[PDB]
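Asks: First to last, the protein sequences are chains a, A, J, K, H, e, f and N. Residue numbers for the first sequence follow the deposited numbering, beginning at 3 and rising by one. Under the deposited numbering, residues 1 to 29, 55 to 119 are what the second sequence spells out, in order. Residue numbers for the third sequence follow the deposited numbering, beginning at 1 and rising by one. Residue numbers for the fourth sequence follow the deposited numbering, beginning at 1 and rising by one. Residue numbers for the fifth sequence follow the deposited numbering, beginning at 2 and rising by one. Residue numbers for the sixth sequence follow the deposited numbering, beginning at 2 and rising by one. Residue numbers for the seventh sequence follow the deposited numbering, beginning at 1 and rising by one. Residue numbers for the eighth sequence follow the deposited numbering, beginning at 12 and rising by one. We treat Cβ as the ideally placed atom computed from N, Cα and C, and that holds for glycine.
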Amino acid sequence: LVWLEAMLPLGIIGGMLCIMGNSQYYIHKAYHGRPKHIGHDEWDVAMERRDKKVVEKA
Amino acid sequence: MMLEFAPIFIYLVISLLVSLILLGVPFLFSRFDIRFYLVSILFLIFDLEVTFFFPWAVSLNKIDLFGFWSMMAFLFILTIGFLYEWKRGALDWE
Amino acid sequence: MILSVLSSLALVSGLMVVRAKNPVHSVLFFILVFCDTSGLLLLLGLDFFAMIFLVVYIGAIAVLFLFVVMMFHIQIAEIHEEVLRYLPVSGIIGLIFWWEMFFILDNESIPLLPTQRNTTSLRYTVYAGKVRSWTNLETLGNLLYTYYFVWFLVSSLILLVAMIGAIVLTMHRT
Amino acid sequence: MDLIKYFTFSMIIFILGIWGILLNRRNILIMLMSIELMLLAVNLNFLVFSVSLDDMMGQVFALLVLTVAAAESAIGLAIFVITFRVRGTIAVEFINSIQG
Amino acid sequence: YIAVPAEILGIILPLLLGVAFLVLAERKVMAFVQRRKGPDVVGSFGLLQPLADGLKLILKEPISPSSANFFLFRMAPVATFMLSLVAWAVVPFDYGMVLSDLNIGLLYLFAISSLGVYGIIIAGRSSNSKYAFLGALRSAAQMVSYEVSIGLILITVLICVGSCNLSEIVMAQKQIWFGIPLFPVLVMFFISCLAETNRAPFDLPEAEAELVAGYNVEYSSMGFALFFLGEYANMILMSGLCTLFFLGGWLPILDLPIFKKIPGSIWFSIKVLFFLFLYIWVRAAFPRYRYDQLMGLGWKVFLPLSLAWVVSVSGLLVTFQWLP
Amino acid sequence: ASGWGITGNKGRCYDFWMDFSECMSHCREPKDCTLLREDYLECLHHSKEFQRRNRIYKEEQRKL
Amino acid sequence: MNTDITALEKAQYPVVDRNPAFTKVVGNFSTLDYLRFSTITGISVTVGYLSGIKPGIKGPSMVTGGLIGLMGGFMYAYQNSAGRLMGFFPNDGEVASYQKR
Amino acid sequence: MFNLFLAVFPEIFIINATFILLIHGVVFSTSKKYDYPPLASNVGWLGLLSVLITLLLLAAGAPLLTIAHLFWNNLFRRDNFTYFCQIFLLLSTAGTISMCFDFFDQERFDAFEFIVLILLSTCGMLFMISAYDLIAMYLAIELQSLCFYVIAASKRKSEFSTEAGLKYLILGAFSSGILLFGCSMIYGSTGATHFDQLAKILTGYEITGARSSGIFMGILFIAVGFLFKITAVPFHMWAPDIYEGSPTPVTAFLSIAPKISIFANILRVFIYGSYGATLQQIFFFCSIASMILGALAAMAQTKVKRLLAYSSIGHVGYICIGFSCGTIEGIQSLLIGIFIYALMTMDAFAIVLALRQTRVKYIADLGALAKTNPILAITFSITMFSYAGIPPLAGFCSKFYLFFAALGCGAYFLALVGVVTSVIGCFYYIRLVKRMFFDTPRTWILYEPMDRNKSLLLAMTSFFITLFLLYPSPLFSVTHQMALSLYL
Ligand SMILES: C[C@@H]1CC[C@@]2(OC1)O[C@H]1C[C@H]3[C@@H]4CC=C5C[C@@H](OCCC(CO[C@H]6O[C@H](CO)[C@@H](O[C@H]7O[C@H](CO)[C@@H](O)[C@H](O)[C@H]7O)[C@H](O)[C@H]6O)CO[C@H]6O[C@H](CO)[C@@H](O[C@H]7O[C@H](CO)[C@@H](O)[C@H](O)[C@H]7O)[C@H](O)[C@H]6O)CC[C@]5(C)[C@H]4CC[C@]3(C)[C@H]1[C@@H]2C
Ligand SMILES: C[C@@H]1CC[C@@]2(OC1)O[C@H]1C[C@H]3[C@@H]4CC=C5C[C@@H](OCCC(CO[C@H]6O[C@H](CO)[C@@H](O[C@H]7O[C@H](CO)[C@@H](O)[C@H](O)[C@H]7O)[C@H](O)[C@H]6O)CO[C@H]6O[C@H](CO)[C@@H](O[C@H]7O[C@H](CO)[C@@H](O)[C@H](O)[C@H]7O)[C@H](O)[C@H]6O)CC[C@]5(C)[C@H]4CC[C@]3(C)[C@H]1[C@@H]2C
Ligand SMILES: CCCCCCCCCCCCCCCCCC(=O)O[C@@H](COC(=O)CCCCCCCCCCCCCCC)COP(=O)(O)OCC[N+](C)(C)C
Ligand SMILES: CCCCCCCCCCCCCCCCCC(=O)O[C@@H](COC(=O)CCCCCCCCCCCCCCC)COP(=O)(O)OC[C@H](O)CO
Ligand SMILES: CCCCCCCCCCCCCCCCCCCC(=O)O[C@H](COC(=O)CCCCCCCCCCCCCC)COP(=O)(O)OCCN
Ligand SMILES: COC1=C(OC)C(=O)C(C/C=C(\C)CC/C=C(\C)CC/C=C(/C)CC/C=C(\C)CCC=C(C)C)=C(C)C1=O
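#1: Please report the residue range of the alpha helix (DSSP H) in which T65(N) lies.
#2: Between which two residues does the alpha helix (DSSP H) containing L76(N) stretch?
#3: Quick test of your reading: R126(H) and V24(J), contact by CB under 8 angstroms. State the CB separation rounded to the nearest angstrom.
#4: Between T67(K) and chain A, is the shortest Cβ-Cβ distance under 9 angstroms, so that the two count as touching?
#5: When we look at the beta-carbon of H73(J) and count the other beta-carbons within 10 Å, is it buried (16 or more) or exposed?
#6: Sorry if obvious, but does the Cβ on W94(A) come closer than 8 angstroms to a heavy atom of ligand 4?
#7: If I measure Cβ to Cβ from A381(N) and keep anything under 7 angstroms in the same chain, skipping five residues before and after, which residues do I get?
#8: Show which residues of chain K have a CB atom less than 7 angstroms away from the CB atom of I105(A).
#9: Would you list the one or two residues that DSSP bridges to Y27(a)?
#10: Interface residues of chain H around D47(J) at Cβ under 9 angstroms?
#11: Specify, as a first and last residue, the run of the alpha helix (DSSP H) that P253(H) falls within.
#12: What residues are listed by DSSP as bridge partners for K314(N)?
#13: Could you check what DSSP says for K43(N) in three-state terms: helix, strand or coil?
#14: Under 8 angstroms from any heavy atom of ligand 6, does the C-beta of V244(N) make it?
#15: May I ask whether a heavy atom of ligand 6 can be found less than 8 angstroms away from the beta carbon of residue 9(N)?
#16: Is the CB-CB distance between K54(f) and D116(N) below 9 angstroms?
#17: Using the Cα positions of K175(H) and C165(H), report the straight-line distance between them to the nearest angstrom.
#18: Just tell me which of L130(N), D121(N) and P385(N) has its CA closest to the CA of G106(N).
#19: Is the separation between the beta-carbon of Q312(N) and that of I241(N) shorter than 9 angstroms?
#20: Starting from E23(e), trace the alpha helix (DSSP H) in both directions and tell me its first and last residue.
#21: Looking at ligand 6, does it come within less than 8 angstroms of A300(N), judged from the CB to the closest heavy atom?
#22: Grab the span of the alpha helix (DSSP H) containing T198(H) for me, first residue to last.
#23: Please classify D95(H): does DSSP put it in a helix, a strand, or coil?
#24: Determine the DSSP secondary structure at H46(e), reduced to helix, strand or coil.
#25: Scan the stretch 373–442 of chain N and note each continuous beta strand (DSSP E) run of 3 residues or more that stays entirely inside, going in chain order.
#26: Just the C-alpha distance for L32(K) and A74(K), rounded to the nearest angstrom, thanks.
#27: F185(N) versus chain K: which residues are under 8 angstroms apart at the beta carbon?
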């Protein structure tokens, strides 16, 4: 069971990777109000720009 | 859209700053070997091969059989060149 | 403004290509020029070409130049010369080229002077072309291998010539 | 003003290649480098025009020109290598024996 | 955009910590195979060892030998370190967990990989030492040689997916992980990753005892640390790429509610950890090739097999009309 | 003239090109196709459009 | 892939088959086509043999010359047969066989 | 689908045969069992065979080369003009190859890759002739150029050969960049690269006051590249150095085939396109400069190769006079001049290659040749008098047309220049005859007799040169046919 000593640094590396994912995910969500959408294309950008008008001018 | 490239630039700026901080804080307290040219040439050729592979790989669904065989002919020419290099000893470093 | 920054970087880096006393330094500045060019390509929306300029010009061609120039170990005495006496000949040739060739598009492509009015509202949006947008990569790949495949294959022949010539001119088998 | 700015960028690269030919009479490696600079400028000209004209022909030819530039540099550097090997030097006074 | 620097730091800082502890994990696993204890004095279970080593390095006087390439000598480690860092901007850790959702992300990764060679070349040339120069030339040649096979394997995955978007590459493996049908391609990719990161059995710069001086032999203090950190960050990145391309990234092993309970970032992390363990294990298990032998392997074995796999995958998918 | 657009649809100036080409394919004098030709070239470079808008900007700067 | 066989210069003989299939063209080979084929191949093998004697590889040289001659002769015979079926070459035999089957 | 490729049967065959020869050569040149035999002559004979089979395929399938023209339209354009140009190119390549075997075996130039590079350059020139778009034209030109760069440096331990290669690559790459810039300017100004589209856009306007400076400078840069390729003054100085420093078979090949290919390109670009009087003036001034400089520099030469190089520069000046005048007879005369100059150059280089077996270098080395080989001295004298344009030898056609156009376009300074340069040329051509027949040197050089290939080629070209004007009808008719086919 001594070999569990070697699993601690690997566990730390895994937690580090989980942080690099989740911290950037939550900061983006807090700033934009919704999570990042994978595959934002021309259509989605045009939708957001037109939706700014359709919301604010209502 | 090119919007997604802006975070990459800001990331580069921050990574550069981290590099300067780490490197700068301790300042406070005649034998030409042709085989390298030859390996450079081979890398150039296969670099262009990968370059031409990229659009083909994303376009296979639209170009169908004609595009497949045209790329096959391209590869046949380049692979004849590769066979020539292999036979001539360009791939041997001994 | 951003194009002013990138063009200034390219101008200085290119002058360094052509004026650095050490040829290894010239190769490194050349690499800076290709980086700036890639930036311009990103501004044009051509991300495939922007990446390919890094992969091929910097990743393969400049590496070849660097390997060759580094192993040459050129002494400055062999390639040194004073360039002060070229300022006039460069002045006339540069100016004539400057006066003719920086302004060649002006009569055909007259710039739109930016006015003190919001013209952005006159941008007309056609959503029909936005239902299924094509990347630069797939637009190019739709054409290279079918409608213009002969030119593709001739380029392959050019590369084969390069391989054969590289072997025949330099090979000394141990 | 976009198109004039993109064109003058490529134009300064081309003029720099010309100047590099003019200013490097004892340095033929830099002369080769200046020729690549001109080729890069032409490639940029094709890409800018493709966008401005909304036409793909400029892009196909740009890729093929990159292939030509690669082959050109490979063969040119091979010729440089063998010239150096024969003479032991790259100085221009040792490549002037053919004349008249 | 004001919050973008926070996201960037939330990527970069945990990555640097992860590298610091990857060094410790390598030491621990190597020791345990060798029936000894690795660092276990500096901190409990040796967990403070990386901080002590980093502190020692920053408190070490820099040397900067009297060369004529004063600027280049210090900038080479900066270049390699920055290149190791910037590849992570496009790496997705889970659905929507990615800094830059590049449509051309695969080619971008290839470009970064191709750029990696310049730090080593410039370090060798600028150091004013024939041994460093020769070692740097050999290492650079090895990296460019194995980059060809890496690119061709990338093309195989691209043919299967039909998009250069890394997240799309992950989500295309919902039906089956690409590592199952393309298992030999995955083995080839892992070996090519070993060779591309100058890792055992391909670690020429580590072969000082074999009369082969490394490219960083003249470096001290934080330039040497920058080279080391870039190398280990690249090891983590190669493990991540193996996970993304062949083990389905953040996807669970089986599409079942029991497996879907645990977050995708944890799946991704566990697969990355497996590949890092394999890195260490391989270094512990085998001797190293000579330069000529590994060059022969790069050009005579991995290139032909990669090209053959490209042809076979494309031909099969075209024939039965299974293309994306 | 090719018709292949940079975003995967018909090029912006291709219909003008085709009108000009179809005109020239049967008119024995090119002066009969001058209008269509200048329409094609105007689509490529927008020279007259931008010139007219610059006249408007000029008059605005003069009356201010 | 859109295709269009239409030639710039029209056929001057009756068009038996506008775009004949590969196997149809091969099956259309006449005695003269086979004579052309065999002559080209034989000359090529002979050149391979004679030019191979000095290097000492007359056998392999014969094989290489024969491969070149086989490919060239087959291409020439195919050219003639397809041109006859398409009406570009005098095709009395093709017309006679067409007016009967 | 397969039948569409009948339009490219000749090219497919030659490319495949070249690949076969590459594989054959590399497999057996490396053979320990066979003791690494030299394969330059074996591959040369097989490649001569391949060229002749390509010629058969092309000549016998004249209508078939136009099949599926709409499908191939955006790639190339085959017609009667390209038909005859390609046939002539293949014939020239076959002759040049046939002249190489004594060089292969006696020098022991064992590199079979030489033949492969020649064949690939022939493929490139074939595609050059049929090019109908700026992109295709550039690609084919580059393939041809890269093959020449490599073969110019084939004697890779020679100072001369390496110097030739280096000068060629640098100056060739520079000129190619200039031409590509011109192509980019034309595309940007017109949105087109296909020759038909360019013809439609540019016709009817030339310089109508509102001239596209982009179109005008694109044409100029393309013309500069073309003039470099045809070795027209002032873009000529690469040619004498490259011609002298390259291996003599390379020099013979470069002297003929690229001119045919590039003149096909020039005809189909400019003649078929439209900026107009400016470009004909370009070629007019370059023709005059080439005639004058070629005459004077050739008069200065003491070495045979350099003399022939400067002679070729002068003759391309004479030929470009025909392009300048812009008439059906001008094009016909240009073609007649190209054909006759090619045959004469083949004759001259067959003699030069025969004499290279005893290392001929200087004109004075020909002394007493009328004694040591009388029939060879007479044959070489006929070539010189033909070069001088003395009637009734075949060379008289170019002189006759030069003055015909001088009085047809209405140009008397051109006629004066032609008279003076013709007299200068006659002097330096008859100097060789004087050296072989009139001089009595103290030391003689005895030359080894030529091989059968060169003797037969010399015998046929010598009958043509002496007897062409007795039966010149087929050339006249075929060249008139080609000139007409450019527009109809
Ligand atoms: C050594 C040291 C030890 C200590 C330590 O360091 C190291 O150890 C380290 C270890 C770290 C933990 C590691 C992991 C997590 C999980 C994370 O939490 C899940 C992430 C969130 C989002 O991500 C999910 O969601 C994605 C999208 O679906 C999933 O994608 C799917 O779909 C893809 C496409 O099909 C497929 O491709 C994928 O395969 C498929 O899975 C993705 O996988 C999945 O992750 C969870 O979301 C939820 O939260 C939402 C909040 O809004 C709620 O929304 C709801 O409310 C809205 C408003 O009304 C409504 O509008 C909505 O409709 C309605 O749903 C709702 O509760 C629910 O959505 C919370 C953080 C934590 C605990 C970390 C903490 C810090 C540590 C303890 C570190 C610690 C420091
Ligand atoms: C892997 C290795 C590592 C190294 C590496 O790779 C290799 O790493 C790689 C990483 C690369 C960097 C990646 C990323 C960038 C950013 C880019 O920079 C974006 C600039 C573009 C985008 O800018 C805006 O774009 C939108 C506005 O356009 C903004 O949208 C708003 O406006 C919308 C409309 O109302 C609303 O709807 C939206 O809601 C609203 O938000 C958007 O927010 C904003 O981003 C272009 O913009 C400009 O262009 C304009 C046009 O010319 C100029 O207009 C001007 O001229 C006009 C007349 O012409 C006059 O009329 C005008 O009045 C007058 O102003 C003006 O200068 C300026 O706007 C510059 C290049 C660079 C640095 C790359 C360099 C090279 C690398 C380092 C590579 C490197 C090599
Ligand atoms: C009128 C034209 C305009 C002016 C130009 C004139 C150009 C010539 C200059 C004239 C001045 C005098 C020229 C003297 C040349 C005459 C001598 C001569 O050439 O004799 C040759 C003869 O050269 C020839 O071989 C000429 C052959 C040409 C064939 C042309 C005839 C075609 C049909 C004839 C059919 C065959 C013969 C029929 C009868 C048997 C002998 O060559 P040798 O080198 O001495 O020895 C040759 C070796 N051996 C004798 C052993 C074989
Ligand atoms: C390392 C791998 C080497 C592979 C070498 C072997 C293959 C080399 C390529 C040989 C040419 C094709 C041989 C394969 C025969 C099968 C062809 C076939 O199946 O016919 C298809 C058609 O295939 C072709 O016609 C493509 C031919 C490829 C071009 C090869 C070049 C031949 C000569 C070109 C002349 C140009 C000059 C050459 C320049 C150097 C039918 O398609 P379709 O008409 O139904 O629809 C078209 C398509 O599906 C939609 O886009
Ligand atoms: C038009 C004006 C009037 C012209 C009159 C034309 C009349 C027709 C010609 C009649 C020919 C009379 C001689 C016929 C018998 C000779 C048969 C040659 C026998 C032979 O096999 O020669 C072989 C060599 O190939 C060779 O020597 C043959 C190749 C020589 C080059 C021939 C042309 C090939 C390429 C085409 C070029 C076209 C150029 C056009 C621009 C081997 O000979 P060997 O046994 O003695 O040993 C040589 C040592 N290796
Ligand atoms: C004997 O005295 C001397 C000269 O005097 C002949 C000289 O020159 C020079 C040195 C200066 C030179 C050579 C500059 C001349 C260079 C030029 C004009 C560059 C162009 C190159 C060539 C070969 C000229 C070809 C161009 C021509 C004929 C005209 C251009 C084209 C058209 C009209 C279409 C020296 C030392 C000299 O001591």
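Replies: Quick answer:
#1: Locating residue 65(N) in the eighth sequence gives position 54, counting from the first residue. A51 to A71 is the extent of the alpha helix (DSSP H) around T65(N).
#2: Sequence index remark: in the eighth sequence, residue 76(N) carries index 65 (1-based). Unbroken run through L76(N): none, as it is neither H nor E.
#3: Translated into the one-based positions of the fifth sequence, residue 126(H) becomes position 125. Translated into the one-based positions of the third sequence, residue 24(J) becomes position 24. 7 angstroms between Cβ atoms; contact.
#4: As a working note, residue 67(K) is residue 67 in the fourth sequence. Chain A, which has a Cβ nearer than 9 angstroms to the Cβ of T67(K), makes this yes.
#5: Here residue 73(J) is taken as the residue at index 73 of the third sequence, counted from 1. Classification for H73(J): exposed.
#6: Counted from its first residue, the second sequence places residue 94(A) at position 69. Yes - ligand 4 has a heavy atom lying nearer than 8 angstroms to the Cβ of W94(A).
#7: Here residue 381(N) corresponds to residue number 370 of the eighth sequence, with the count starting at 1. Only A388, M447 and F448 meet the Cβ criterion.
#8: Counting from one through the second sequence, the residue named residue 105(A) turns up at place 80. Residues of chain K passing the Cβ test: none, with the nearest at roughly 16 angstroms.
#9: On the first sequence, position 25 is the one that residue 27(a) refers to. Answer is none; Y27(a) lacks a bridge partner.
#10: What you label residue 47(J) is simply residue 47 of the third sequence in a count that begins at 1. By Cβ distance, chain H contributes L103, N104, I105, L108 and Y109.
#11: Working through the fifth sequence from its first residue, we reach residue 253(H) at position 252. No alpha helix (DSSP H) contains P253(H), which DSSP labels as neither H nor E.
#12: If you number the eighth sequence from 1, residue 314(N) lands on position 303. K314(N) pairs with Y373(N).
#13: Numbered from 1 along the eighth sequence, position 32 holds the residue referred to as residue 43(N). Correct three-state label for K43(N): coil.
#14: Position 233 of the eighth sequence, counted from the start, is the residue given in the question as residue 244(N). Answer for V244(N): yes, Cβ within range of ligand 6.
#15: Coverage of chain N is limited to positions 12 through 499, which leaves residue 9(N) absent and any answer about it impossible.
#16: Taking the first residue of the seventh sequence as 1, we reach residue 54(f) at position 54. Taking the first residue of the eighth sequence as 1, we reach residue 116(N) at position 105. A contact, by the Cβ cut-off of 9 angstroms.
#17: On the fifth sequence, residue 175(H) is found 174 positions in, with the first residue counted as 1. On the fifth sequence, residue 165(H) is found 164 positions in, with the first residue counted as 1. Between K175(H) and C165(H), the C-alpha separation is close to 17 angstroms.
#18: On the eighth sequence, residue 106(N) is found 95 positions in, with the first residue counted as 1. Answer by Cα proximity: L130(N).
#19: Along the eighth sequence, read from residue 1 onward, the residue named residue 312(N) stands at position 301. Along the eighth sequence, read from residue 1 onward, the residue named residue 241(N) stands at position 230. No.
#20: For the purposes of this step, residue 23(e) is taken as the residue at position 22 of the sixth sequence. It spans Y15 to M25 - the alpha helix (DSSP H) in which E23(e) sits, taken as one unbroken run.
#21: Position 289 of the eighth sequence holds residue 300(N). Yes; taking the cut-off as 8 angstroms, the Cβ of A300(N) has a heavy atom of ligand 6 nearer than that.
#22: For the purposes of this step, residue 198(H) is identified with residue 197 of the fifth sequence, where counting begins at 1. No alpha helix (DSSP H) contains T198(H), which DSSP labels as neither H nor E.
#23: Position 94 of the fifth sequence, counted from the start, is the residue given in the question as residue 95(H). Strand, per DSSP.
#24: For the purposes of this step, residue 46(e) is identified with residue 45 of the sixth sequence, where counting begins at 1. Three-state result, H46(e): helix.
#25: none
#26: Residue numbering aside, residue 32(K) sits at position 32 when the fourth sequence is read from its first letter. Residue numbering aside, residue 74(K) sits at position 74 when the fourth sequence is read from its first letter. Whole-angstrom Cα-Cα distance: 11 angstroms.
#27: Translated into positions along the eighth sequence, residue 185(N) becomes position 174. In chain order: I21, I35 and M38.
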